[PDB]
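Asker: The file below is entry-v6.pdb, PDB, C-alpha atoms and all ligand atoms:
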```
ATOM      1  CA  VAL J   3      75.830  90.094 108.802  1.00  0.00           C
ATOM      2  CA  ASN J   4      75.862  87.434 105.971  1.00  0.00           C
ATOM      3  CA  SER J   5      75.042  83.656 105.542  1.00  0.00           C
ATOM      4  CA  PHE J   6      78.659  82.333 105.476  1.00  0.00           C
ATOM      5  CA  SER J   7      79.378  79.939 108.417  1.00  0.00           C
ATOM      6  CA  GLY J   8      82.478  78.215 109.870  1.00  0.00           C
ATOM      7  CA  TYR J   9      85.078  80.495 108.208  1.00  0.00           C
ATOM      8  CA  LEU J  10      88.373  81.456 109.846  1.00  0.00           C
ATOM      9  CA  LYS J  11      89.002  85.211 109.616  1.00  0.00           C
ATOM     10  CA  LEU J  12      92.435  85.964 108.082  1.00  0.00           C
ATOM     11  CA  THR J  13      92.127  89.759 107.668  1.00  0.00           C
ATOM     12  CA  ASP J  14      89.560  92.557 107.857  1.00  0.00           C
ATOM     13  CA  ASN J  15      88.017  91.286 104.575  1.00  0.00           C
ATOM     14  CA  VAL J  16      89.308  87.745 103.805  1.00  0.00           C
ATOM     15  CA  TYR J  17      87.919  84.568 105.313  1.00  0.00           C
ATOM     16  CA  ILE J  18      88.823  80.905 104.620  1.00  0.00           C
ATOM     17  CA  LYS J  19      87.176  77.500 105.117  1.00  0.00           C
ATOM     18  CA  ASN J  20      87.946  73.851 104.252  1.00  0.00           C
ATOM     19  CA  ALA J  21      84.924  73.266 102.070  1.00  0.00           C
ATOM     20  CA  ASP J  22      84.005  71.878  98.652  1.00  0.00           C
ATOM     21  CA  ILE J  23      83.105  75.136  96.710  1.00  0.00           C
ATOM     22  CA  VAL J  24      80.155  73.363  94.938  1.00  0.00           C
ATOM     23  CA  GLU J  25      78.573  72.218  98.264  1.00  0.00           C
ATOM     24  CA  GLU J  26      79.202  75.640  99.783  1.00  0.00           C
ATOM     25  CA  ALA J  27      77.510  77.434  96.869  1.00  0.00           C
ATOM     26  CA  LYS J  28      74.530  75.029  97.015  1.00  0.00           C
ATOM     27  CA  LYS J  29      74.085  75.773 100.782  1.00  0.00           C
ATOM     28  CA  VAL J  30      74.700  79.597 100.815  1.00  0.00           C
ATOM     29  CA  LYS J  31      73.386  80.643  97.338  1.00  0.00           C
ATOM     30  CA  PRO J  32      75.755  83.592  97.449  1.00  0.00           C
ATOM     31  CA  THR J  33      75.221  86.655  95.252  1.00  0.00           C
ATOM     32  CA  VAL J  34      78.542  85.802  93.500  1.00  0.00           C
ATOM     33  CA  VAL J  35      80.466  82.542  93.148  1.00  0.00           C
ATOM     34  CA  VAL J  36      83.836  82.824  91.392  1.00  0.00           C
ATOM     35  CA  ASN J  37      84.803  80.235  88.775  1.00  0.00           C
ATOM     36  CA  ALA J  38      88.446  79.371  88.036  1.00  0.00           C
ATOM     37  CA  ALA J  39      87.891  79.858  84.314  1.00  0.00           C
ATOM     38  CA  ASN J  40      90.092  79.688  81.224  1.00  0.00           C
ATOM     39  CA  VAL J  41      89.861  82.201  78.370  1.00  0.00           C
ATOM     40  CA  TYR J  42      87.665  79.827  76.300  1.00  0.00           C
ATOM     41  CA  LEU J  43      85.240  79.196  79.239  1.00  0.00           C
ATOM     42  CA  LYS J  44      85.798  75.469  78.644  1.00  0.00           C
ATOM     43  CA  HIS J  45      84.814  74.077  82.026  1.00  0.00           C
ATOM     44  CA  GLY J  46      86.473  70.653  81.816  1.00  0.00           C
ATOM     45  CA  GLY J  47      88.145  70.068  85.130  1.00  0.00           C
ATOM     46  CA  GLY J  48      89.204  71.532  88.412  1.00  0.00           C
ATOM     47  CA  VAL J  49      86.837  74.010  90.034  1.00  0.00           C
ATOM     48  CA  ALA J  50      85.297  74.883  86.647  1.00  0.00           C
ATOM     49  CA  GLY J  51      84.490  71.288  85.766  1.00  0.00           C
ATOM     50  CA  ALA J  52      82.980  70.742  89.225  1.00  0.00           C
ATOM     51  CA  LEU J  53      80.841  73.924  89.127  1.00  0.00           C
ATOM     52  CA  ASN J  54      79.690  73.170  85.599  1.00  0.00           C
ATOM     53  CA  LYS J  55      78.778  69.552  86.487  1.00  0.00           C
ATOM     54  CA  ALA J  56      76.684  70.875  89.426  1.00  0.00           C
ATOM     55  CA  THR J  57      74.715  73.028  86.892  1.00  0.00           C
ATOM     56  CA  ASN J  58      73.996  69.947  84.729  1.00  0.00           C
ATOM     57  CA  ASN J  59      76.149  71.574  81.949  1.00  0.00           C
ATOM     58  CA  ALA J  60      73.950  74.717  81.821  1.00  0.00           C
ATOM     59  CA  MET J  61      77.048  76.808  82.730  1.00  0.00           C
ATOM     60  CA  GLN J  62      78.862  75.388  79.646  1.00  0.00           C
ATOM     61  CA  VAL J  63      75.863  76.021  77.353  1.00  0.00           C
ATOM     62  CA  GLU J  64      75.651  79.646  78.500  1.00  0.00           C
ATOM     63  CA  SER J  65      79.447  80.016  78.237  1.00  0.00           C
ATOM     64  CA  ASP J  66      79.562  78.697  74.671  1.00  0.00           C
ATOM     65  CA  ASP J  67      76.982  81.320  73.619  1.00  0.00           C
ATOM     66  CA  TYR J  68      79.072  84.026  75.438  1.00  0.00           C
ATOM     67  CA  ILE J  69      82.259  83.027  73.561  1.00  0.00           C
ATOM     68  CA  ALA J  70      80.461  82.746  70.212  1.00  0.00           C
ATOM     69  CA  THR J  71      79.303  86.381  70.663  1.00  0.00           C
ATOM     70  CA  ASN J  72      82.317  87.994  72.424  1.00  0.00           C
ATOM     71  CA  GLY J  73      85.389  85.818  71.760  1.00  0.00           C
ATOM     72  CA  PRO J  74      87.789  84.666  74.431  1.00  0.00           C
ATOM     73  CA  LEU J  75      88.524  86.426  77.718  1.00  0.00           C
ATOM     74  CA  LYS J  76      91.983  87.811  78.521  1.00  0.00           C
ATOM     75  CA  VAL J  77      94.257  86.084  81.029  1.00  0.00           C
ATOM     76  CA  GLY J  78      93.664  88.228  84.140  1.00  0.00           C
ATOM     77  CA  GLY J  79      90.147  89.113  82.916  1.00  0.00           C
ATOM     78  CA  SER J  80      86.620  88.081  83.817  1.00  0.00           C
ATOM     79  CA  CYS J  81      82.978  88.087  82.829  1.00  0.00           C
ATOM     80  CA  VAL J  82      79.765  87.919  84.821  1.00  0.00           C
ATOM     81  CA  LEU J  83      77.295  85.189  83.800  1.00  0.00           C
ATOM     82  CA  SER J  84      74.460  83.396  85.513  1.00  0.00           C
ATOM     83  CA  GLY J  85      75.059  81.502  88.749  1.00  0.00           C
ATOM     84  CA  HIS J  86      72.433  78.944  87.700  1.00  0.00           C
ATOM     85  CA  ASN J  87      71.448  76.787  90.725  1.00  0.00           C
ATOM     86  CA  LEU J  88      74.609  77.758  92.652  1.00  0.00           C
ATOM     87  CA  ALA J  89      74.487  81.549  93.068  1.00  0.00           C
ATOM     88  CA  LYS J  90      72.829  84.644  91.617  1.00  0.00           C
ATOM     89  CA  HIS J  91      75.874  85.308  89.425  1.00  0.00           C
ATOM     90  CA  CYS J  92      79.077  83.514  88.477  1.00  0.00           C
ATOM     91  CA  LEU J  93      82.151  85.678  88.064  1.00  0.00           C
ATOM     92  CA  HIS J  94      84.355  83.699  85.647  1.00  0.00           C
ATOM     93  CA  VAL J  95      87.920  84.847  86.404  1.00  0.00           C
ATOM     94  CA  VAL J  96      90.981  83.753  84.407  1.00  0.00           C
ATOM     95  CA  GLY J  97      94.065  83.388  86.521  1.00  0.00           C
ATOM     96  CA  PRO J  98      97.338  82.559  84.722  1.00  0.00           C
ATOM     97  CA  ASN J  99      97.877  78.838  84.124  1.00  0.00           C
ATOM     98  CA  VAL J 100     101.546  78.059  85.014  1.00  0.00           C
ATOM     99  CA  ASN J 101     101.168  74.653  83.210  1.00  0.00           C
ATOM    100  CA  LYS J 102     100.588  76.742  79.956  1.00  0.00           C
ATOM    101  CA  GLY J 103     103.530  79.151  80.744  1.00  0.00           C
ATOM    102  CA  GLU J 104     101.401  82.295  81.573  1.00  0.00           C
ATOM    103  CA  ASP J 105     102.839  85.315  83.494  1.00  0.00           C
ATOM    104  CA  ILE J 106     102.220  84.814  87.275  1.00  0.00           C
ATOM    105  CA  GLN J 107     102.208  88.688  87.617  1.00  0.00           C
ATOM    106  CA  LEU J 108      98.761  88.413  85.950  1.00  0.00           C
ATOM    107  CA  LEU J 109      97.450  86.838  89.169  1.00  0.00           C
ATOM    108  CA  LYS J 110      97.087  90.294  90.771  1.00  0.00           C
ATOM    109  CA  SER J 111      95.099  91.528  87.733  1.00  0.00           C
ATOM    110  CA  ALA J 112      92.865  88.426  88.046  1.00  0.00           C
ATOM    111  CA  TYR J 113      92.115  89.140  91.740  1.00  0.00           C
ATOM    112  CA  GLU J 114      91.377  92.823  90.966  1.00  0.00           C
ATOM    113  CA  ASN J 115      88.142  91.608  89.312  1.00  0.00           C
ATOM    114  CA  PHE J 116      86.865  90.634  92.764  1.00  0.00           C
ATOM    115  CA  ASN J 117      86.860  94.321  93.822  1.00  0.00           C
ATOM    116  CA  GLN J 118      83.833  94.942  91.540  1.00  0.00           C
ATOM    117  CA  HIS J 119      81.687  92.789  93.902  1.00  0.00           C
ATOM    118  CA  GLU J 120      80.949  93.542  97.570  1.00  0.00           C
ATOM    119  CA  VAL J 121      80.901  89.870  98.684  1.00  0.00           C
ATOM    120  CA  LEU J 122      82.114  86.717  96.901  1.00  0.00           C
ATOM    121  CA  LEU J 123      82.510  82.977  97.463  1.00  0.00           C
ATOM    122  CA  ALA J 124      85.765  82.034  95.640  1.00  0.00           C
ATOM    123  CA  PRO J 125      88.544  79.511  95.141  1.00  0.00           C
ATOM    124  CA  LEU J 126      92.206  80.427  95.240  1.00  0.00           C
ATOM    125  CA  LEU J 127      93.006  81.634  91.718  1.00  0.00           C
ATOM    126  CA  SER J 128      95.836  80.005  89.653  1.00  0.00           C
ATOM    127  CA  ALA J 129      96.125  77.141  92.203  1.00  0.00           C
ATOM    128  CA  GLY J 130      95.459  73.395  91.704  1.00  0.00           C
ATOM    129  CA  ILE J 131      95.693  72.391  87.989  1.00  0.00           C
ATOM    130  CA  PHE J 132      96.600  76.071  87.070  1.00  0.00           C
ATOM    131  CA  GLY J 133     100.046  75.200  88.584  1.00  0.00           C
ATOM    132  CA  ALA J 134     100.640  78.132  90.884  1.00  0.00           C
ATOM    133  CA  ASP J 135     101.652  77.927  94.554  1.00  0.00           C
ATOM    134  CA  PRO J 136      98.427  78.270  96.590  1.00  0.00           C
ATOM    135  CA  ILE J 137     100.362  80.032  99.407  1.00  0.00           C
ATOM    136  CA  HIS J 138     101.330  82.706  96.882  1.00  0.00           C
ATOM    137  CA  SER J 139      97.750  82.880  95.570  1.00  0.00           C
ATOM    138  CA  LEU J 140      96.430  83.523  99.112  1.00  0.00           C
ATOM    139  CA  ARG J 141      99.039  86.266  99.664  1.00  0.00           C
ATOM    140  CA  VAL J 142      98.076  88.006  96.375  1.00  0.00           C
ATOM    141  CA  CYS J 143      94.391  87.663  97.313  1.00  0.00           C
ATOM    142  CA  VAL J 144      94.875  89.330 100.712  1.00  0.00           C
ATOM    143  CA  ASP J 145      97.061  92.056  99.235  1.00  0.00           C
ATOM    144  CA  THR J 146      94.697  92.798  96.271  1.00  0.00           C
ATOM    145  CA  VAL J 147      91.075  92.159  97.196  1.00  0.00           C
ATOM    146  CA  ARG J 148      89.425  94.865  99.323  1.00  0.00           C
ATOM    147  CA  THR J 149      85.868  93.486  99.162  1.00  0.00           C
ATOM    148  CA  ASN J 150      84.694  90.637 101.353  1.00  0.00           C
ATOM    149  CA  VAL J 151      85.937  87.293 100.078  1.00  0.00           C
ATOM    150  CA  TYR J 152      85.049  83.864 101.446  1.00  0.00           C
ATOM    151  CA  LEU J 153      87.657  81.369 100.190  1.00  0.00           C
ATOM    152  CA  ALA J 154      86.578  77.721 100.093  1.00  0.00           C
ATOM    153  CA  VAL J 155      89.485  75.205  99.998  1.00  0.00           C
ATOM    154  CA  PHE J 156      88.575  71.539  99.120  1.00  0.00           C
ATOM    155  CA  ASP J 157      91.812  69.835 100.426  1.00  0.00           C
ATOM    156  CA  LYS J 158      92.094  69.639 104.250  1.00  0.00           C
ATOM    157  CA  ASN J 159      95.850  69.247 104.083  1.00  0.00           C
ATOM    158  CA  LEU J 160      96.259  72.401 101.958  1.00  0.00           C
ATOM    159  CA  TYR J 161      93.765  74.345 104.081  1.00  0.00           C
ATOM    160  CA  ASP J 162      95.794  73.536 107.214  1.00  0.00           C
ATOM    161  CA  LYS J 163      99.040  74.543 105.501  1.00  0.00           C
ATOM    162  CA  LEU J 164      97.512  77.842 104.231  1.00  0.00           C
ATOM    163  CA  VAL J 165      96.316  78.771 107.742  1.00  0.00           C
ATOM    164  CA  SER J 166      99.478  77.653 109.550  1.00  0.00           C
ATOM    165  CA  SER J 167     101.809  79.521 107.102  1.00  0.00           C
ATOM    166  CA  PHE J 168      99.698  82.727 106.813  1.00  0.00           C
ATOM    167  CA  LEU J 169     101.583  85.897 107.751  1.00  0.00           C
TER     168      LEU J 169
HETATM  169  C1  LIG U 201      93.452  74.484  95.218  1.00  0.00           C
HETATM  170  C2  LIG U 201      92.588  73.540  94.465  1.00  0.00           C
HETATM  171  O1  LIG U 201      92.920  72.672  93.583  1.00  0.00           O
HETATM  172  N1  LIG U 201      91.906  71.998  93.147  1.00  0.00           N
HETATM  173  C3  LIG U 201      90.819  72.509  93.670  1.00  0.00           C
HETATM  174  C4  LIG U 201      89.428  72.067  93.348  1.00  0.00           C
HETATM  175  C5  LIG U 201      88.418  72.420  94.179  1.00  0.00           C
HETATM  176  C6  LIG U 201      87.161  71.998  93.879  1.00  0.00           C
HETATM  177  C7  LIG U 201      86.940  71.264  92.735  1.00  0.00           C
HETATM  178  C8  LIG U 201      87.965  70.891  91.916  1.00  0.00           C
HETATM  179  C9  LIG U 201      89.220  71.320  92.235  1.00  0.00           C
HETATM  180  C10 LIG U 201      91.248  73.503  94.558  1.00  0.00           C
HETATM  181  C11 LIG U 201      90.490  74.449  95.417  1.00  0.00           C
HETATM  182  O2  LIG U 201      89.989  75.461  94.889  1.00  0.00           O
HETATM  183  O3  LIG U 201      90.398  74.202  96.636  1.00  0.00           O
END
```
As a first step, turn the structure in this file into structure tokens.

Answerer:
Amino acid sequence: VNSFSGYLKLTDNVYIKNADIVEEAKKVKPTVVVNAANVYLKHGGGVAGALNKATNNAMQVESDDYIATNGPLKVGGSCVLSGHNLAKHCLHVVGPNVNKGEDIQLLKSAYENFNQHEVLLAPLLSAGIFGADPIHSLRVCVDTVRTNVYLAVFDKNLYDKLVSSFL
């Protein structure tokens, strides 16, 4: 049994809710929250900007030190950093950004990072301002992630379309 409430069960291991990921993290304090990161860990907008704002920019400060030491992530890659006030840990995962012309086949590699964690609170990777089709992102998630994933989806309209169209 875990602390996640109000989720619709899609599969053995994937659950979904219409919820603002920031508010959900603040309430649950999960072991792992996933960030929709870019390779530079520049948390300007989208999920990343919202998570970082909720940490009062401490996520960005920590991320700048990580990049100064290690250099950029790979598209499809990840790193584990602090979860600050939102979670124990933040798994920063880089899905391909379609609006930058990145290979959508890298979305599966991105989701494979989730398998290193038993339970996660996450957004749909490569969706929103990353330009991918969120329906596709949910399909790759279900077909790739084997650990227990709680997907929070901000937009009620998109949430309803993801549930209604789920095979
Ligand atoms: C899809 C999608 O596109 N934009 C967002 C989003 C969610 C929270 C904060 C900012 C953007 C989002 C999501 O993960 O539900």

Asker: Any idea what the distance is between CA of residue 78 in chain J and CA of residue 22 in chain J?

Answerer: 23.9 Å

Asker: Write as a VMD selection string the residues around ligand LIG 201 (chain U), taking 10 Å as the cut-off and counting all atoms listed in the file.

Answerer: chain J and resid 19 to 25 37 to 38 47 to 53 124 to 137 139 153 to 158 160 to 161

Asker: Just write the chosen residues, C-alpha atoms, as a JSON list (two decimals), keeping the file's coordinate frame.

Answerer:
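As written to disk, out-v4.json reads:
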```json
[["chain", "number", "residue", "atom", "x", "y", "z"],
["J", 19, "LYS", "CA", 87.18, 77.50, 105.12],
["J", 20, "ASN", "CA", 87.95, 73.85, 104.25],
["J", 21, "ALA", "CA", 84.92, 73.27, 102.07],
["J", 22, "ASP", "CA", 84.00, 71.88, 98.65],
["J", 23, "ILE", "CA", 83.10, 75.14, 96.71],
["J", 24, "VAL", "CA", 80.16, 73.36, 94.94],
["J", 25, "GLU", "CA", 78.57, 72.22, 98.26],
["J", 37, "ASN", "CA", 84.80, 80.24, 88.78],
["J", 38, "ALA", "CA", 88.45, 79.37, 88.04],
["J", 47, "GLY", "CA", 88.14, 70.07, 85.13],
["J", 48, "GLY", "CA", 89.20, 71.53, 88.41],
["J", 49, "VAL", "CA", 86.84, 74.01, 90.03],
["J", 50, "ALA", "CA", 85.30, 74.88, 86.65],
["J", 51, "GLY", "CA", 84.49, 71.29, 85.77],
["J", 52, "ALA", "CA", 82.98, 70.74, 89.22],
["J", 53, "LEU", "CA", 80.84, 73.92, 89.13],
["J", 124, "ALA", "CA", 85.76, 82.03, 95.64],
["J", 125, "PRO", "CA", 88.54, 79.51, 95.14],
["J", 126, "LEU", "CA", 92.21, 80.43, 95.24],
["J", 127, "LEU", "CA", 93.01, 81.63, 91.72],
["J", 128, "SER", "CA", 95.84, 80.00, 89.65],
["J", 129, "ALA", "CA", 96.12, 77.14, 92.20],
["J", 130, "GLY", "CA", 95.46, 73.40, 91.70],
["J", 131, "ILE", "CA", 95.69, 72.39, 87.99],
["J", 132, "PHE", "CA", 96.60, 76.07, 87.07],
["J", 133, "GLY", "CA", 100.05, 75.20, 88.58],
["J", 134, "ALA", "CA", 100.64, 78.13, 90.88],
["J", 135, "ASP", "CA", 101.65, 77.93, 94.55],
["J", 136, "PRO", "CA", 98.43, 78.27, 96.59],
["J", 137, "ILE", "CA", 100.36, 80.03, 99.41],
["J", 139, "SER", "CA", 97.75, 82.88, 95.57],
["J", 153, "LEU", "CA", 87.66, 81.37, 100.19],
["J", 154, "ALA", "CA", 86.58, 77.72, 100.09],
["J", 155, "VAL", "CA", 89.48, 75.20, 100.00],
["J", 156, "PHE", "CA", 88.58, 71.54, 99.12],
["J", 157, "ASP", "CA", 91.81, 69.83, 100.43],
["J", 158, "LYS", "CA", 92.09, 69.64, 104.25],
["J", 160, "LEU", "CA", 96.26, 72.40, 101.96],
["J", 161, "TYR", "CA", 93.76, 74.34, 104.08]]
```

Asker: Around (104.1, 85.1, 107.5) in the file's frame, which residues reach within 12 Å when counting all atoms listed in the file? Return as a PyMOL selection string?

Answerer: chain J and resi 12+137-138+140-141+163-169

Asker: Just the number, please: distance in Å from CA of residue 43 in chain J to CA of residue 66 in chain J, one decimal.

Answerer: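 Computing it gives 7.3 Å between the two atoms.
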
Asker: Record the distance separating CA of residue 40 in chain J and CA of residue 96 in chain J, expressed in Å with one decimal.

Answerer: 5.2 Å

Asker: So, counting only C-alpha atoms, which residue among J:10, J:27, J:77, J:34 is closest to residue 103 in chain J?

Answerer: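 Smallest separation from residue 103 in chain J among the options: J:77.
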
Asker: Evaluating the PyMOL selection byres (((chain J and resi 91) around 8) and not hetatm) on the displayed file yields which residues, as a list in words?

Answerer: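 With the shown file as input, the PyMOL selection byres (((chain J and resi 91) around 8) and not hetatm) matches residues 33, 34, 35, 82, 83, 84, 85, 86, 89, 90, 92 and 93 of chain J.
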
Asker: Could you write out that same residue set with C-alpha atoms as an mmCIF file, in the frame of the given file?

Answerer:
```
data_model
loop_
_atom_site.group_PDB
_atom_site.id
_atom_site.type_symbol
_atom_site.label_atom_id
_atom_site.label_comp_id
_atom_site.auth_asym_id
_atom_site.auth_seq_id
_atom_site.Cartn_x
_atom_site.Cartn_y
_atom_site.Cartn_z
ATOM 1 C CA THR J 33 75.221 86.655 95.252
ATOM 2 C CA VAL J 34 78.542 85.802 93.500
ATOM 3 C CA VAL J 35 80.466 82.542 93.148
ATOM 4 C CA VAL J 82 79.765 87.919 84.821
ATOM 5 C CA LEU J 83 77.295 85.189 83.800
ATOM 6 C CA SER J 84 74.460 83.396 85.513
ATOM 7 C CA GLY J 85 75.059 81.502 88.749
ATOM 8 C CA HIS J 86 72.433 78.944 87.700
ATOM 9 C CA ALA J 89 74.487 81.549 93.068
ATOM 10 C CA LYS J 90 72.829 84.644 91.617
ATOM 11 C CA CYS J 92 79.077 83.514 88.477
ATOM 12 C CA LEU J 93 82.151 85.678 88.064
#
```

Asker: Place a sphere of radius 10 Å on (87.7, 88.6, 107.6) in the file coordinates and name every protein, DNA or RNA residue with an atom inside or on its surface, counting only C-alpha atoms; give the answer as an MDAnalysis selection string.

Answerer: chainID J and resid 9:18 144 149:152

Asker: Step by step, gather every atom of range 51-54 of chain J that the file lists, find the box along x, y and z that holds them, add 3 Å on each side, and finally give centre and edge lengths in Å to one decimal, as AutoDock Vina command-line options.

Answerer:
```
--center_x 82.1 --center_y 72.3 --center_z 87.4 --size_x 10.8 --size_y 9.2 --size_z 9.6
```

Asker: Might you pull out every residue within 6 Å of range 107-112 of chain J, with all atoms listed in the file counted and same-chain residues fewer than 3 positions away left off, and present them as JSON, numbers by chain?

Answerer: {"J": [78, 79, 97, 115]}

Asker: Given the choices J:148, J:94, J:102, J:29, which gets closest to residue 44 in chain J if the distance is worked out from all atoms listed in the file?

Answerer: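 Among the listed residues, J:94 lies closest to residue 44 in chain J.
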
Asker: Taking all atoms listed in the file into account, which of J:147, J:122, J:95, J:113 comes nearest residue 41 in chain J?

Answerer: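 Using all atoms listed in the file, residue 41 in chain J sits closest to J:95.
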
Asker: With distances taken over all atoms listed in the file, which residue among J:100, J:88, J:121, J:142 lies nearest residue 61 in chain J?

Answerer: J:88

Asker: From the options J:26, J:114, J:120, J:104, which residue's atoms come nearest to residue 145 in chain J, counting all atoms listed in the file?

Answerer: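 Answer, going by the shortest atom-to-atom distance: J:114.
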
Asker: Counting all atoms listed in the file, which of J:59, J:7, J:39, J:45 gets nearest to residue 76 in chain J?

Answerer: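 Checking each of J:59, J:7, J:39, J:45 against residue 76 in chain J, counting all atoms listed in the file, the winner is J:39.
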